[PDB]
Amino acid sequence: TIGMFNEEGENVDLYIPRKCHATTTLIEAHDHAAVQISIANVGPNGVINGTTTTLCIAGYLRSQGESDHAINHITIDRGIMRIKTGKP
Amino acid sequence: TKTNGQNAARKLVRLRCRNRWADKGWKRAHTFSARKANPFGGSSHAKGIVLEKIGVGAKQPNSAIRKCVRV
Amino acid sequence: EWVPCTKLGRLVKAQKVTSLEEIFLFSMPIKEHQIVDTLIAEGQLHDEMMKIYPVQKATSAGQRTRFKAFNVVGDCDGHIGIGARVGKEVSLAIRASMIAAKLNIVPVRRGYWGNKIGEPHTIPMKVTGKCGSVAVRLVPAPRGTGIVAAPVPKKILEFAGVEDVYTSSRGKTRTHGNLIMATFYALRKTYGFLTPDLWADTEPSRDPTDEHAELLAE
Amino acid sequence: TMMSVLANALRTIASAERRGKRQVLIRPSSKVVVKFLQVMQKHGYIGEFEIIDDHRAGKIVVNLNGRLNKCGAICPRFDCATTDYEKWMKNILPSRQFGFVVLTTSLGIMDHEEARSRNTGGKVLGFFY
Amino acid sequence: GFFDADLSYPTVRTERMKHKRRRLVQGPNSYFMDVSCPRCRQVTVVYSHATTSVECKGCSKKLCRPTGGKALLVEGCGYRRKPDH
Amino acid sequence: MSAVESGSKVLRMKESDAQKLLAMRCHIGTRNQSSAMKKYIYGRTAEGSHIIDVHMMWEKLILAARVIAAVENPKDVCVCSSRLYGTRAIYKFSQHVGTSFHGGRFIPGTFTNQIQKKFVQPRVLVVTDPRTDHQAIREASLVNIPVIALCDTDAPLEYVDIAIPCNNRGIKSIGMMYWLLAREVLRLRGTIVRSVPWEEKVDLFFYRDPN
Amino acid sequence: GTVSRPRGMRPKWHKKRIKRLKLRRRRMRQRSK
Amino acid sequence: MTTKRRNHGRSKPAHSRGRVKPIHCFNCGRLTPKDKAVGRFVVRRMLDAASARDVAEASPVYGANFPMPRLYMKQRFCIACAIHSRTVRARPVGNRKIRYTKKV
Amino acid sequence: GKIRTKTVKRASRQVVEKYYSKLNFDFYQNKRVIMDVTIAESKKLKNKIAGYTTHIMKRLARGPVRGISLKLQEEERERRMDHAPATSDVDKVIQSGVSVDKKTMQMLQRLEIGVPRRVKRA
RNA sequence: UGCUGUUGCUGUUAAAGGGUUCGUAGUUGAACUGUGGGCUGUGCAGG
RNA sequence: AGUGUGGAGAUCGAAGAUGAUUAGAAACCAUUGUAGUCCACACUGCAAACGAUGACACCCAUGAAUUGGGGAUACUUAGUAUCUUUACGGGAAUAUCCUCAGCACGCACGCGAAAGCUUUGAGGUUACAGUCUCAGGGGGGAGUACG
RNA sequence: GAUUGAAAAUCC
RNA sequence: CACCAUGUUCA
Ligand SMILES: [K+]
Ligand SMILES: [K+]
Ligand SMILES: [K+]
Ligand SMILES: [K+]
Ligand SMILES: [K+]
Ligand SMILES: [K+]
Ligand SMILES: [K+]
Ligand SMILES: [K+]
Ligand SMILES: [Mg+2]
Ligand SMILES: [Mg+2]
Ligand SMILES: [Mg+2]
Ligand SMILES: [Mg+2]
Ligand SMILES: [Mg+2]
Ligand SMILES: [Mg+2]
Ligand SMILES: [Mg+2]
Ligand code: NA
Ligand code: NA
Ligand code: NA
Ligand SMILES: [Zn+2]
């Protein structure tokens, strides 16, 4: 998996911190501003299903005010959002 | 800020030589004025002849007479 | 006796949350020390009073003296917490200091200096922590060198659970509140530094409150 | 004036990484800068970078993944034998487990691990981790 | 959601306002024009930011006036901007 | 977030929704521009007011609707409004969707003071104005609460995760946006159907003087 | 106020006093030269 | 010591100019720079209403249609004189920054 | 100096909330009700409470007062405000026609849904 | 004793940027001669 | 400010004079007044000569201004008016949108013992290396003594 | 001696 | 805007 390992092969890390999906930074246990946003998936019809997609954003991005831009970028990358309107 | 050149060793040597004299301990150790003014002449102990006995008043806030000898 | 006032405390009391790592992963603020008391096994948590000193405020009639107390809590295995609290009496300040130290617990990453033989002994990388003017730099050390640190940072490192470390300190280290805070912050940065071991993406997981929202509602 | 193109480029990359930008523009560019960027790319600390030709000292656009913490240049380029690798690692690197020191050896520009493998010393260019 | 800017491929709007030396690759801001003398219609090639006074070969007549940029052509003359390349 | 994994065009904006937005002037700004909100502005009118891109507004609206619908316990979503024009809108939105709400002054310490009682821990916060509801956003910045805001052209996007560009000043526009959000959330849940128009009226969402 | 603790005379007047001191000393040495 | 004001009490930045010719204070005559001096342009009615109406009733030219003359003068005060005469007062640390660009 | 202390004001407000149809505009009848509905060790406080309750009732007749919530009146106001119009305001505006500017017209032309039906340029 | 600082000091207010320009030693100094190909096997290679 | 040699000498005015005020009061305050102040030429080189912040280079968030010179009226491109107008007049100023250089303002990080600084760094530094240069090393003695 | 919390001072 | 000086030593 992911983490720091021994030569014996057992995982040594106490835990694996979450990584921000916009800037790829470890989310510390003390920042208290990092969020976890779950966007519900939608079926062919308008009704949602059980599965959801999760986004993690570091607290410093929200403090800076770039969380909205980061979420737009991440959603467009995942294909949740439409980047531009179709041709008429 | 300082010089960071690859061939600036002379400048750094001169800078350190100039600035070492501002250290009071270094200057005192490397200058003979302190040893000339030292009554012991650089010795740990010195032998003398007791000229007289006196009492020196202690400075404030203390108040006492300290027994000293002029030698 | 303890009736929780937070969703995290309710989950801990109901035993839905088992380890402090679940709280640390989602960065939830711990607002009840009973959460830490429950999650840490009995006898593992150790407390000690680092420092107690009086602070005075001048007043029209003399001056008022309060006592500021620092407490270090830790299970000697990758967990450290420091609390500082002021009280009118030494005992009250000490008790509030234990409460704050339990509230302010954080994880500590422990790694290796050379080859990875056995359990980790040192920090994975050089980390500096600054509070006020005091800055404490911790450098990884080979096995068996011990904690080369001042007496105050040494006990914080012992409670954090590191065995070998080199320590340098700058600033007015005689200011022990700032020294303790600097050591705590330096230990905190260890899980914030990114390492090629942690490059791989991890699958997202549900927040405990999200998962047990229906249980918390009832 | 500008004395070290490589130092300027590495400082620009480090500042962009600290600010969290997705990509950065480096001006001007040189062979040493390109080789340093290629070493970092090979070890995975950067990704796609593109050299734009100007009929002058060209420019570079580097895409940054959040894996790079700090990169910088050692000035002056101190000469380092095969026995000084441990001293340089313990001086400028955060750990003996990760991080690289980039040297310009007579066999090209390479990291200290590769230089030790090929048994060659050289002048220290910089570092990244 | 909007398009995120690319540093290697700037958009038309972003690159149009840039200073000529602040663009991704520098280029001239000037051009050449084919200008007909209003006296005998002889056609000469003049430069947009011409600081000299351009005389027609035949009319020996001023065809432009120097300014602080983009020299001003004489009244009654036709001009066509020649292709860059 | 009009894009679906299957590629269906169900969530795309339609002619009726565009007509509602144009009728209630949800696309009108306040002639003051903000750097964070610049991407959401299509252009500037002759009167000086900014004109908001309706496609981007709909994208952010559907994204917010999906985020709200992903919440299994609706009471975990808190809808806030302190400008006296969104109070009725958030109250009706709470009735329909099922969330909680708080109108008027936001008492400091609601999200952080765990002793004072009247202390809630929502999972998602929804605000009508980032500037007016600055206290709720600041408190959510301390307890890990994502923020969905209804933001105008001059909106400080600090600690705002999902900003919906809209006219959060007019009574009609605030009611329209909250009605659209409630309709989308209900359609995503499956309570109502998208073939038949919603029976509820936006006049109820509109704010009325009690006297 | 406008100035921290001098711990002595005003520095300008002290400098003037020292200047007069030097003037007098130089005159005395010119006398005995 | 502690920089009380970021402009150091005068409307002259660091790299703007070197010297500004001083002017005499309106009250005491102290020479102070034109940017530092507290400047107020006053338009004072030459007679207060009670006496102005009395003069207007006796004046064949002054009345409702034709107004009385005024007194226009630019007064630049030293800091001490301005504070003493209360045209300008000490302000809290927070309120020290607020400035007015017109005669309110 | 005849200000009603916070104890008097809180007691009078609680009295008004608990008994509203049982109160009046005079002081003496209100005080007579107060003696039965309140238990206190003093009579000066009872007189002050009755006076401020009379003041509160006089204010309430003219309009709602801050700090007092009457359930029946609040429910009546909510029911009155919850009255739904026959036809929606959006429907009326759409039927009458929607006017848009040049810039608003531009993106409507640029949209994938095209120009809506009942929209015209001003 | 990173209180001499090459590693590794400090100079708005604690000690400490020269009033300003020119200027020799001295120190420092922008790019550019430069992707070798092919073949067969072999890699969660990848697009 | 002072010096030298010529001028000049209105005003203000070190020194001085006189009047007050005071326990005293050739201090503040009044009324004067010499040198000065002004100029030419020659010295001096001692300012809180300050931004108490060396120079050159790079990167660096936001909104509203201002001075000068131009230009326009992960998308293949996105308007715009006003006023004067028989000779420095194919003019002048305005509006909008750019650009380059300058003085700045409230400002994102970051930094700092704090005060504060912030594309104008005091930022990009124990994760300590772009270049050059000047100063400092507890407080006095003392910027004195001597040369 | 007095004085003071001790001194000084004063008186004695 | 008359004048408006000073408080022995430790504690
Ligand atoms: K002193
Ligand atoms: K200038
Ligand atoms: K000056
Ligand atoms: K030092
Ligand atoms: K030279
Ligand atoms: K006079
Ligand atoms: K008197
Ligand atoms: K005396
Ligand atoms: Mg003072
Ligand atoms: Mg002061
Ligand atoms: Mg000082
Ligand atoms: Mg100083
Ligand atoms: Mg006399
Ligand atoms: Mg001089
Ligand atoms: Mg000294
Ligand atoms: Na001023
Ligand atoms: Na006196
Ligand atoms: Na007298
Ligand atoms: Zn004055």
# chains A, B, ... in the order shown; residues from 1 in each chain; ligands from 1

$ residues_around --residues "residue 9 in chain M" --least-positions-apart "5" --cutoff "10 Å" --atoms "only C-alpha atoms (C1' of nucleotides)" --output "ChimeraX atom specification"
/B:61 /L:7-8

$ select_by_dssp --residues "range 35-120 of chain D" --states "strand (DSSP E)" --output "ChimeraX atom specification"
/D:49-52,59-63,71-73,79-80,100-105,108-111

$ select_by_dssp --residues "chain H" --states "alpha helix (DSSP H)" --output "list in words"
residues 49, 50, 51, 52, 53, 54, 55, 56, 57, 58, 79, 80, 81, 82, 83, 84 and 85 of chain H

$ write_last_selection --atoms "N, CA and C atoms" --output "CSV table (one decimal), in the first residue's frame"
chain,number,residue,atom,x,y,z
H,49,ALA,N,-25.6,86.8,12.0
H,49,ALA,CA,-26.9,87.1,11.4
H,49,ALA,C,-27.6,88.3,12.1
H,50,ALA,N,-27.5,88.4,13.4
H,50,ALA,CA,-28.2,89.4,14.2
H,50,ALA,C,-27.8,90.8,13.7
H,51,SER,N,-26.5,91.0,13.5
H,51,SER,CA,-25.9,92.3,13.1
H,51,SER,C,-26.0,92.4,11.6
H,52,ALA,N,-25.9,91.3,10.8
H,52,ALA,CA,-26.0,91.4,9.4
H,52,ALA,C,-27.3,91.8,8.9
H,53,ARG,N,-28.4,91.3,9.5
H,53,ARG,CA,-29.7,91.8,9.2
H,53,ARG,C,-29.9,93.3,9.5
H,54,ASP,N,-29.3,93.7,10.7
H,54,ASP,CA,-29.4,95.1,11.0
H,54,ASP,C,-28.7,96.0,10.0
H,55,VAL,N,-27.6,95.6,9.5
H,55,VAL,CA,-26.9,96.3,8.5
H,55,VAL,C,-27.7,96.3,7.2
H,56,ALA,N,-28.3,95.1,6.9
H,56,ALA,CA,-29.0,95.0,5.6
H,56,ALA,C,-30.3,95.9,5.6
H,57,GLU,N,-30.9,96.0,6.7
H,57,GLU,CA,-32.1,96.9,6.7
H,57,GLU,C,-31.7,98.4,6.5
H,58,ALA,N,-30.5,98.8,6.8
H,58,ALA,CA,-30.1,100.2,6.6
H,58,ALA,C,-29.3,100.3,5.2
H,79,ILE,N,1.4,72.4,14.5
H,79,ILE,CA,0.8,71.3,15.2
H,79,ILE,C,0.3,71.7,16.6
H,80,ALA,N,1.2,72.4,17.3
H,80,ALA,CA,0.9,72.9,18.7
H,80,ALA,C,-0.2,73.9,18.7
H,81,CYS,N,-0.2,74.8,17.8
H,81,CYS,CA,-1.3,75.8,17.7
H,81,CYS,C,-2.6,75.2,17.3
H,82,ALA,N,-2.6,74.3,16.4
H,82,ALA,CA,-3.8,73.6,16.0
H,82,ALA,C,-4.4,72.8,17.1
H,83,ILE,N,-3.6,72.0,17.9
H,83,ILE,CA,-4.1,71.3,19.0
H,83,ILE,C,-4.6,72.2,20.1
H,84,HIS,N,-3.9,73.3,20.4
H,84,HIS,CA,-4.3,74.2,21.4
H,84,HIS,C,-5.7,74.9,21.0
H,85,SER,N,-5.8,75.3,19.8
H,85,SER,CA,-7.1,75.9,19.3
H,85,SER,C,-8.1,74.9,19.0

$ residues_near_ligand --ligand "ligand 9" --cutoff "10 Å" --atoms "only C-alpha atoms (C1' of nucleotides) and all ligand atoms" --output "VMD selection string"
chain G and resid 1 to 4

$ write_last_selection --atoms "N, CA and C atoms" --output "PDB file, in the first residue's frame"
ATOM      1  N   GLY G   1       8.734  65.448  24.933  1.00  0.00           N
ATOM      2  CA  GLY G   1       9.429  64.178  25.041  1.00  0.00           C
ATOM      3  C   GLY G   1      10.298  63.894  23.838  1.00  0.00           C
ATOM      4  N   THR G   2       9.760  63.105  22.905  1.00  0.00           N
ATOM      5  CA  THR G   2      10.339  62.922  21.579  1.00  0.00           C
ATOM      6  C   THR G   2      11.691  62.207  21.618  1.00  0.00           C
ATOM      7  N   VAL G   3      12.185  61.878  22.813  1.00  0.00           N
ATOM      8  CA  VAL G   3      13.500  61.263  22.979  1.00  0.00           C
ATOM      9  C   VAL G   3      13.488  60.412  24.241  1.00  0.00           C
ATOM     10  N   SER G   4      14.131  59.246  24.161  1.00  0.00           N
ATOM     11  CA  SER G   4      14.217  58.322  25.281  1.00  0.00           C
ATOM     12  C   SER G   4      15.120  58.887  26.376  1.00  0.00           C
TER      13      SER G   4
END

$ residues_near_ligand --ligand "ligand 15" --cutoff "9 Å" --atoms "only C-alpha atoms (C1' of nucleotides) and all ligand atoms" --output "VMD selection string"
(chain B and resid 22 to 24) or (chain J and resid 15) or (chain K and resid 137 to 139)

$ residues_near_ligand --ligand "ligand 13" --cutoff "12 Å" --atoms "only C-alpha atoms (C1' of nucleotides) and all ligand atoms" --output "list in words"
residues 16, 17, 18 and 26 of chain K

$ residues_near_ligand --ligand "ligand 16" --cutoff "9 Å" --atoms "only C-alpha atoms (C1' of nucleotides) and all ligand atoms" --output "compact mmCIF listing (two decimals) with C-alpha atoms, in the first residue's frame"
# COMPACT_ATOMS: atom_id res chain seq x y z
CA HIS H 8 5.48 60.66 9.92
CA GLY H 9 2.85 63.39 10.26
CA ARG H 10 3.53 65.00 6.88
CA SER H 11 2.11 64.45 3.40
CA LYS H 34 3.58 73.27 4.08
CA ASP H 35 2.76 69.55 4.01
CA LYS H 36 3.04 69.15 7.79
CA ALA H 37 1.07 72.28 8.72
CA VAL H 38 -2.65 71.87 9.44
CA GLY H 39 -4.33 73.77 6.60
CA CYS H 78 1.58 74.56 13.48
CA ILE H 79 0.76 71.30 15.24

$ residues_around --residues "residue 17 in chain F" --least-positions-apart "5" --cutoff "10 Å" --atoms "only C-alpha atoms (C1' of nucleotides)" --output "list in words"
residues 12, 22, 23, 58, 176 and 180 of chain F; 116 of chain I

$ write_last_selection --atoms "N, CA and C atoms" --output "compact mmCIF listing (two decimals), in the first residue's frame"
# COMPACT_ATOMS: atom_id res chain seq x y z
N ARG F 12 -29.32 19.33 -17.44
CA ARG F 12 -29.00 20.56 -18.15
C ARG F 12 -30.09 21.61 -17.95
N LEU F 22 -34.33 35.00 -16.00
CA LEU F 22 -34.42 36.31 -16.65
C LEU F 22 -35.57 37.14 -16.09
N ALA F 23 -36.70 36.49 -15.75
CA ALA F 23 -37.84 37.22 -15.21
C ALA F 23 -37.51 37.82 -13.85
N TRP F 58 -25.96 28.09 -13.44
CA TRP F 58 -26.65 26.80 -13.38
C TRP F 58 -25.71 25.68 -12.99
N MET F 176 -36.27 33.29 -6.01
CA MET F 176 -36.11 32.46 -7.19
C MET F 176 -34.97 31.47 -7.02
N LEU F 180 -35.36 27.43 -6.87
CA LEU F 180 -34.67 26.56 -7.82
C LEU F 180 -33.82 25.52 -7.09
N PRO I 116 -34.76 32.12 -25.13
CA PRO I 116 -36.05 31.67 -24.62
C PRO I 116 -37.21 32.28 -25.41

$ residues_near_ligand --ligand "ligand 6" --cutoff "10 Å" --atoms "only C-alpha atoms (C1' of nucleotides) and all ligand atoms" --output "PyMOL selection string"
chain K and resi 11-13+31-33

$ write_last_selection --atoms "C-alpha atoms (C1' of nucleotides)" --output "PDB file, in the first residue's frame"
ATOM      1  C1'   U K  11      12.558  92.307   6.782  1.00  0.00           C
ATOM      2  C1'   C K  12      13.648  89.227  10.691  1.00  0.00           C
ATOM      3  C1'   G K  13      17.422  88.987  14.059  1.00  0.00           C
ATOM      4  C1'   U K  31      10.309  97.126  22.552  1.00  0.00           C
ATOM      5  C1'   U K  32      14.846  97.262  20.174  1.00  0.00           C
ATOM      6  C1'   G K  33      19.383  95.949  18.100  1.00  0.00           C
TER       7        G K  33
END
